$ cat structure-v7.csv   # CSV, C-alpha atoms
chain,number,residue,atom,x,y,z
L,156,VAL,CA,-3.8,36.3,-40.1
L,157,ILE,CA,-5.7,37.3,-43.2
L,158,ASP,CA,-5.7,40.1,-45.8
L,159,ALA,CA,-7.9,40.7,-48.9
L,160,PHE,CA,-6.5,43.7,-50.8
L,161,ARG,CA,-8.7,45.9,-53.0
L,162,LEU,CA,-6.5,46.8,-55.9
L,163,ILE,CA,-3.8,48.9,-54.2
L,164,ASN,CA,-3.5,51.4,-56.9
L,165,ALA,CA,-1.3,54.4,-58.1
L,166,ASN,CA,-3.0,55.7,-61.2
L,167,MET,CA,-3.1,59.4,-60.2
L,168,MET,CA,-0.9,61.3,-57.8
L,169,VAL,CA,-3.6,63.7,-56.4
L,170,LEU,CA,-6.4,61.2,-55.6
L,171,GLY,CA,-6.8,58.1,-53.5
L,172,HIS,CA,-10.0,56.1,-53.8
L,173,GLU,CA,-13.5,57.3,-54.4
L,174,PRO,CA,-15.1,56.8,-50.9
L,175,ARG,CA,-13.4,58.6,-48.0
L,176,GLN,CA,-16.3,59.3,-45.6
L,177,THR,CA,-15.9,57.0,-42.6
L,178,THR,CA,-13.3,56.0,-40.1
L,179,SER,CA,-14.6,52.4,-39.8
L,180,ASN,CA,-12.6,51.2,-42.9
L,181,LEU,CA,-10.0,53.9,-42.4
L,182,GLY,CA,-9.2,54.4,-38.7
L,183,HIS,CA,-11.1,51.7,-36.7
L,184,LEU,CA,-8.9,48.9,-38.1
L,185,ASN,CA,-5.4,48.4,-37.0
L,186,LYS,CA,-2.8,50.3,-39.0
L,187,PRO,CA,-0.8,48.0,-41.4
L,188,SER,CA,2.5,46.4,-40.4
L,189,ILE,CA,5.7,48.2,-41.3
L,190,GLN,CA,7.0,45.6,-43.8
L,191,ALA,CA,3.7,45.5,-45.6
L,192,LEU,CA,4.1,49.2,-46.0
L,193,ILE,CA,7.7,48.6,-47.3
L,194,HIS,CA,7.4,45.9,-49.9
L,195,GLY,CA,3.7,46.6,-50.6
L,196,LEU,CA,2.4,49.6,-52.4
L,197,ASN,CA,1.9,52.2,-49.7
L,198,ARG,CA,-1.6,53.1,-51.0
L,199,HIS,CA,-3.0,50.3,-48.9
L,200,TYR,CA,-6.7,49.4,-48.4
L,201,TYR,CA,-9.0,46.5,-47.2
L,202,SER,CA,-10.5,45.5,-43.9
L,203,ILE,CA,-10.9,41.7,-43.4
L,204,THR,CA,-13.4,40.7,-40.8
L,205,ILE,CA,-15.2,37.5,-40.2
L,206,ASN,CA,-18.6,39.1,-40.8
L,207,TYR,CA,-20.7,36.0,-41.6
L,208,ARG,CA,-23.5,36.9,-39.1
L,209,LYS,CA,-22.5,34.1,-36.7
L,210,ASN,CA,-24.6,31.3,-38.0
L,211,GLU,CA,-26.0,29.7,-34.9
L,212,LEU,CA,-26.8,26.3,-36.4
L,213,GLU,CA,-23.3,25.4,-37.5
L,214,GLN,CA,-22.0,27.0,-34.4
L,215,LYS,CA,-24.0,24.7,-32.2
L,216,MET,CA,-23.2,21.8,-34.5
L,217,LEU,CA,-19.5,22.2,-34.3
L,218,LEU,CA,-19.1,23.4,-30.6
L,219,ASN,CA,-16.9,20.9,-28.8
L,220,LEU,CA,-14.4,19.1,-30.9
L,221,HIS,CA,-13.2,17.0,-28.0
L,222,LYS,CA,-16.4,15.5,-26.6
L,223,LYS,CA,-16.0,11.7,-26.0
L,224,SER,CA,-18.4,8.9,-25.7
L,225,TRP,CA,-20.9,9.1,-22.9
L,226,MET,CA,-20.1,5.6,-21.9
L,227,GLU,CA,-16.4,6.7,-22.1
L,228,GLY,CA,-17.3,9.5,-19.6
L,229,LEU,CA,-17.8,6.9,-16.8
L,230,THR,CA,-14.5,5.1,-17.3
L,231,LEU,CA,-12.2,4.5,-14.4
L,232,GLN,CA,-8.8,4.2,-16.2
L,233,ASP,CA,-7.2,1.7,-13.9
L,234,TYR,CA,-6.1,1.3,-10.3
L,235,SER,CA,-2.5,-0.1,-10.7
L,236,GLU,CA,-0.9,2.8,-12.5
L,237,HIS,CA,-2.9,5.1,-10.3
L,238,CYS,CA,-1.1,3.7,-7.3
L,239,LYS,CA,2.4,3.6,-8.9
L,240,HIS,CA,1.8,7.1,-10.3
L,241,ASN,CA,1.1,8.2,-6.8
L,242,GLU,CA,4.3,6.5,-5.6
L,243,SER,CA,6.2,8.2,-8.4
L,244,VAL,CA,4.9,11.6,-7.4
L,245,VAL,CA,5.6,11.2,-3.7
L,246,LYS,CA,9.4,11.0,-4.3
L,247,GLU,CA,9.4,14.2,-6.4
L,248,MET,CA,7.4,15.9,-3.6
L,249,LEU,CA,10.1,14.8,-1.2
L,250,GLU,CA,12.7,16.4,-3.4
L,251,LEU,CA,10.7,19.5,-3.8
L,252,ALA,CA,10.4,19.6,0.0
L,253,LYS,CA,14.2,19.4,0.3
L,254,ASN,CA,14.7,22.3,-2.2
L,255,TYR,CA,11.9,24.3,-0.5
L,256,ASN,CA,13.6,23.9,2.9
L,257,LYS,CA,16.9,25.1,1.5
L,258,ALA,CA,15.3,28.1,-0.2
L,259,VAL,CA,13.6,29.2,2.9
L,260,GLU,CA,16.8,28.5,4.8
L,261,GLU,CA,18.9,30.9,2.8
L,262,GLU,CA,16.5,33.9,3.4
L,263,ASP,CA,19.0,36.3,1.9
L,264,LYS,CA,18.5,40.1,2.0
L,265,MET,CA,19.9,40.3,-1.5
L,266,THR,CA,16.5,41.7,-2.6
L,267,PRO,CA,14.1,39.7,-4.7
L,268,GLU,CA,15.2,41.5,-7.9
L,269,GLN,CA,18.7,40.0,-7.3
L,270,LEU,CA,17.0,36.7,-6.3
L,271,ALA,CA,15.4,36.7,-9.7
L,272,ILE,CA,18.8,37.1,-11.5
L,273,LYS,CA,20.2,33.9,-9.9
L,274,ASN,CA,17.1,31.7,-10.2
L,275,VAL,CA,18.1,30.6,-13.8
L,276,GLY,CA,19.7,27.5,-12.4
L,277,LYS,CA,18.1,24.2,-11.5
L,278,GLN,CA,16.5,25.8,-8.3
L,279,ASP,CA,12.7,25.4,-8.5
L,280,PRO,CA,11.3,25.7,-4.9
L,281,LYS,CA,7.5,25.9,-5.0
L,282,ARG,CA,7.9,26.1,-8.7
L,283,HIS,CA,6.2,22.7,-9.1
L,284,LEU,CA,3.9,22.2,-6.0
L,285,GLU,CA,0.5,22.7,-7.7
L,286,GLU,CA,1.6,21.0,-10.9
L,287,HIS,CA,1.5,17.7,-9.2
L,288,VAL,CA,-0.8,18.0,-6.2
L,289,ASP,CA,-3.9,19.1,-8.1
L,290,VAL,CA,-2.8,16.6,-10.6
L,291,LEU,CA,-2.7,14.3,-7.6
L,292,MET,CA,-6.2,15.5,-6.6
L,293,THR,CA,-7.6,15.2,-10.1
L,294,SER,CA,-6.0,11.8,-10.2
L,295,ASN,CA,-7.5,10.8,-6.8
L,296,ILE,CA,-10.8,12.6,-6.5
L,297,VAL,CA,-12.2,11.6,-9.9
L,298,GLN,CA,-10.9,8.1,-9.2
L,299,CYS,CA,-12.7,8.4,-5.9
L,300,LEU,CA,-15.8,9.9,-7.5
L,301,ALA,CA,-16.2,7.4,-10.3
L,302,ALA,CA,-15.6,4.8,-7.7
L,303,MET,CA,-18.9,5.8,-6.2
L,304,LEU,CA,-20.8,6.8,-9.3
L,305,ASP,CA,-21.3,3.2,-10.4
L,306,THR,CA,-22.2,1.4,-7.2
L,307,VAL,CA,-25.7,1.9,-5.9
L,308,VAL,CA,-27.4,1.4,-9.3
L,309,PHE,CA,-25.1,-1.5,-10.4
L,310,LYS,CA,-26.7,-4.0,-7.9
Z,142,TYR,CA,-23.7,5.3,42.0
Z,143,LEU,CA,-25.7,5.2,38.7
Z,144,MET,CA,-22.5,6.1,36.9
Z,145,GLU,CA,-20.7,3.1,38.4
Z,146,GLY,CA,-21.6,-0.3,37.2
Z,147,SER,CA,-22.6,-1.3,40.7
Z,148,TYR,CA,-26.4,-1.3,40.8
Z,149,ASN,CA,-27.6,-3.0,43.9
Z,150,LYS,CA,-26.1,-1.4,47.1
Z,151,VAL,CA,-28.2,1.6,46.4
Z,152,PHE,CA,-31.2,-0.2,47.9
Z,153,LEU,CA,-29.4,-1.1,51.1
Z,154,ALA,CA,-28.2,2.5,51.1
Z,155,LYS,CA,-31.9,3.2,50.7
Z,156,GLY,CA,-32.3,1.1,53.8
Z,157,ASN,CA,-31.3,4.1,55.9
Z,158,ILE,CA,-33.2,7.3,55.0
Z,159,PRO,CA,-32.5,10.7,56.6
Z,160,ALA,CA,-35.9,12.0,55.5
Z,161,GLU,CA,-39.5,11.0,55.6
Z,162,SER,CA,-39.6,8.2,53.0
Z,163,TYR,CA,-37.3,8.8,50.0
Z,164,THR,CA,-39.5,6.1,48.4
Z,165,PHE,CA,-41.6,8.2,45.9
Z,166,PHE,CA,-38.3,8.8,44.1
Z,167,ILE,CA,-37.2,5.2,44.8
Z,168,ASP,CA,-40.1,4.0,42.7
Z,169,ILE,CA,-38.7,5.9,39.7
Z,170,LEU,CA,-35.4,4.4,40.7
Z,171,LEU,CA,-36.9,0.9,40.5
Z,172,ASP,CA,-38.4,1.8,37.0
Z,173,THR,CA,-34.9,3.0,35.8
Z,174,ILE,CA,-33.2,-0.1,37.2
Z,175,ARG,CA,-35.8,-2.2,35.2
Z,176,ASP,CA,-35.2,-0.6,31.9
Z,177,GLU,CA,-31.5,-0.2,32.4
Z,178,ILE,CA,-31.0,-3.9,33.1
Z,179,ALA,CA,-33.3,-4.5,30.1
Z,180,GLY,CA,-31.4,-2.3,27.7
Z,181,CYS,CA,-28.1,-3.7,29.0
Z,182,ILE,CA,-29.0,-7.3,28.6
Z,183,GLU,CA,-30.9,-6.8,25.3
Z,184,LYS,CA,-27.7,-6.8,23.2
Z,185,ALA,CA,-25.8,-10.0,22.3
Z,186,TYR,CA,-25.5,-12.3,25.3
Z,187,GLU,CA,-25.4,-16.0,26.1
Z,188,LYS,CA,-28.5,-17.0,28.0
Z,189,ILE,CA,-28.5,-16.3,31.7
Z,190,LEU,CA,-30.6,-18.7,33.7
Z,191,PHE,CA,-34.0,-17.7,35.2
Z,192,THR,CA,-32.7,-17.1,38.7
Z,193,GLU,CA,-30.1,-14.5,37.9
Z,194,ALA,CA,-32.5,-12.3,36.0
Z,195,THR,CA,-35.2,-13.1,38.5
Z,196,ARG,CA,-34.0,-12.8,42.1
Z,197,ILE,CA,-30.5,-11.3,41.8
Z,198,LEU,CA,-31.8,-7.9,40.5
Z,199,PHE,CA,-35.2,-7.5,42.2
Z,200,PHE,CA,-38.7,-9.2,42.4
Z,201,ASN,CA,-38.3,-12.4,44.6
Z,202,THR,CA,-40.1,-14.3,41.8
Z,203,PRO,CA,-43.5,-12.6,42.1
Z,204,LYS,CA,-44.3,-11.9,38.4
Z,205,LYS,CA,-40.8,-11.9,36.8
Z,206,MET,CA,-41.7,-15.0,34.7
Z,207,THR,CA,-44.5,-12.7,33.3
Z,208,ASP,CA,-42.5,-9.5,33.4
Z,209,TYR,CA,-40.0,-11.3,31.1
Z,210,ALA,CA,-42.7,-11.4,28.4
Z,211,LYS,CA,-44.0,-8.0,29.4
Z,212,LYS,CA,-40.8,-6.2,28.7
Z,213,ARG,CA,-39.1,-7.8,25.7
Z,214,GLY,CA,-40.0,-11.4,25.0
Z,215,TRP,CA,-37.1,-13.8,24.4
Z,216,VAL,CA,-39.2,-17.0,24.6
Z,217,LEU,CA,-38.0,-19.5,27.2
Z,218,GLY,CA,-36.6,-22.9,26.3
Z,219,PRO,CA,-34.7,-25.3,28.6
Z,220,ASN,CA,-34.3,-22.7,31.5
Z,221,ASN,CA,-32.3,-20.2,29.5
Z,222,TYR,CA,-32.9,-16.5,28.5
Z,223,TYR,CA,-30.9,-16.3,25.2
Z,224,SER,CA,-30.2,-13.1,23.4
Z,225,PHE,CA,-30.5,-13.1,19.7
Z,226,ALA,CA,-27.5,-12.1,17.6
Z,227,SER,CA,-28.3,-8.6,16.3
Z,228,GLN,CA,-25.0,-7.7,14.6
Z,229,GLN,CA,-25.3,-5.2,11.8
Z,230,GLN,CA,-23.6,-6.3,8.6
Z,231,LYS,CA,-21.9,-2.9,7.9
Z,232,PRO,CA,-23.7,-2.5,4.5
Z,233,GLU,CA,-21.2,-1.3,2.0
Z,234,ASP,CA,-23.3,1.2,0.1
Z,235,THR,CA,-22.0,4.6,1.5
Z,236,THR,CA,-23.2,6.5,-1.5
Z,237,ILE,CA,-25.9,8.8,-0.1
Z,238,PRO,CA,-24.3,9.7,3.2
Z,239,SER,CA,-20.8,9.9,1.8
Z,240,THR,CA,-21.2,11.4,-1.7
Z,241,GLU,CA,-20.5,14.8,-0.3
Z,242,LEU,CA,-17.8,13.2,1.8
Z,243,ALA,CA,-16.7,11.9,-1.6
Z,244,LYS,CA,-17.0,15.4,-2.9
Z,245,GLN,CA,-14.8,16.8,0.0
Z,246,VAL,CA,-12.6,18.7,-2.5
Z,247,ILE,CA,-14.8,20.6,-4.9
Z,248,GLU,CA,-17.7,21.8,-2.8
Z,249,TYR,CA,-15.3,23.2,-0.2
Z,250,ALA,CA,-12.2,24.1,-2.3
Z,251,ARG,CA,-13.3,26.4,-5.2
Z,252,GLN,CA,-11.2,25.6,-8.2
$ encode --input "structure-v7.csv" --output "structure tokens"
Amino acid sequence: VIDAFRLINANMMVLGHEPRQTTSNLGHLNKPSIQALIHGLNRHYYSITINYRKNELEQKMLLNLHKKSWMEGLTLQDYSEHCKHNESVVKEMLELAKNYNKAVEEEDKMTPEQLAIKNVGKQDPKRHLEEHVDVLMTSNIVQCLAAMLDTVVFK
Amino acid sequence: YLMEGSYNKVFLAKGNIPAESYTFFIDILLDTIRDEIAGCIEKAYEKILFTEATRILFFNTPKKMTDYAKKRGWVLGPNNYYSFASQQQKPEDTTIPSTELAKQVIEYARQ
């Protein structure tokens, strides 16, 4: 959120500003917020836009702010917490299975609109699923893939 | 009979022939017995004696002492026909043939 006002002015009551010939600085932009109309002088102006020609050199220089070391990219984390993390997730999948069984078991004709007014409680059937299993897969598969991306060349 | 692991009463069943000779095919039968007994003994085994590989199958010792070198080799020592070990180590590389097997999530499930 930026603004850069251009001397919001009220000298004369029958003129605005000198140039009024385009709708780019007059209609193309968003109309100002209501409170800025209230406590600001209503003769508002200005059109803040980044307009720095998109300098490609610094753009390519910055780019990723979360790149890591290349030699960090081949890391394996560790195998022990991988396995106990899997064990931890299996019990929550069991409990999600129990909840899912109950929610398919109810199968009420109360209409899904009225199903969505009583879902505010703890009931979360299929409301997790993905959030662990792909987290499972992205735990496993990379741990699988990095298991084999360091073998045939390291002896 | 070639699907059963009996391989010698065929020739006495060849002893009675309801046709003219049934020998022109029996020559190819002999051939096939030769290379099947070869390929069955060529795996790991523990050195049968000359006489079992010589007379019990076929060839009442004409040239079987020479046919032994003709087919495979397995040089003779003190009257035994030993089979070399030939057990594969199960090389634990599995990178080339199972990297797509390693990738059996991404290149079938589009995510």
$ atom_distance --input "structure-v7.csv" --atom1 "CA of residue 279 in chain L" --atom2 "CA of residue 249 in chain L"
13.1 Å
$ interface_residues --input "structure-v7.csv" --of "chain Z" --to "chain L" --cutoff "12 Å" --atoms "only C-alpha atoms" --output "PyMOL selection string"
chain Z and resi 232-247+250+252
$ atom_distance --input "structure-v7.csv" --atom1 "CA of residue 270 in chain L" --atom2 "CA of residue 254 in chain L"
15.1 Å
$ atom_distance --input "structure-v7.csv" --atom1 "CA of residue 152 in chain Z" --atom2 "CA of residue 211 in chain Z"
23.8 Å
$ closest_residue --input "structure-v7.csv" --among "L:219, L:178, L:256, L:295" --to "residue 238 in chain L" --atoms "all atoms listed in the file"
L:295
$ residues_around --input "structure-v7.csv" --residues "residue 184 in chain Z" --least-positions-apart "2" --cutoff "12 Å" --atoms "only C-alpha atoms" --output "list in words"
residues 177, 178, 179, 180, 181, 182, 186, 187, 188, 213, 215, 223, 224, 225, 226, 227, 228 and 229 of chain Z
$ write_last_selection --input "structure-v7.csv" --atoms "C-alpha atoms" --output "compact mmCIF listing (two decimals), keeping the file's coordinate frame"
# COMPACT_ATOMS: atom_id res chain seq x y z
CA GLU Z 177 -31.50 -0.20 32.40
CA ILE Z 178 -31.00 -3.90 33.10
CA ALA Z 179 -33.30 -4.50 30.10
CA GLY Z 180 -31.40 -2.30 27.70
CA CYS Z 181 -28.10 -3.70 29.00
CA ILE Z 182 -29.00 -7.30 28.60
CA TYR Z 186 -25.50 -12.30 25.30
CA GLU Z 187 -25.40 -16.00 26.10
CA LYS Z 188 -28.50 -17.00 28.00
CA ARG Z 213 -39.10 -7.80 25.70
CA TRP Z 215 -37.10 -13.80 24.40
CA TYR Z 223 -30.90 -16.30 25.20
CA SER Z 224 -30.20 -13.10 23.40
CA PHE Z 225 -30.50 -13.10 19.70
CA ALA Z 226 -27.50 -12.10 17.60
CA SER Z 227 -28.30 -8.60 16.30
CA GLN Z 228 -25.00 -7.70 14.60
CA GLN Z 229 -25.30 -5.20 11.80
$ residues_around --input "structure-v7.csv" --residues "residue 195 in chain Z" --least-positions-apart "2" --cutoff "12 Å" --atoms "all atoms listed in the file" --output "number ranges by chain"
Z: 175, 178, 189-193, 197-209, 220-222
$ residues_around --input "structure-v7.csv" --residues "residue 232 in chain L" --least-positions-apart "4" --cutoff "9 Å" --atoms "all atoms listed in the file" --output "ChimeraX atom specification"
/L:236-237,298
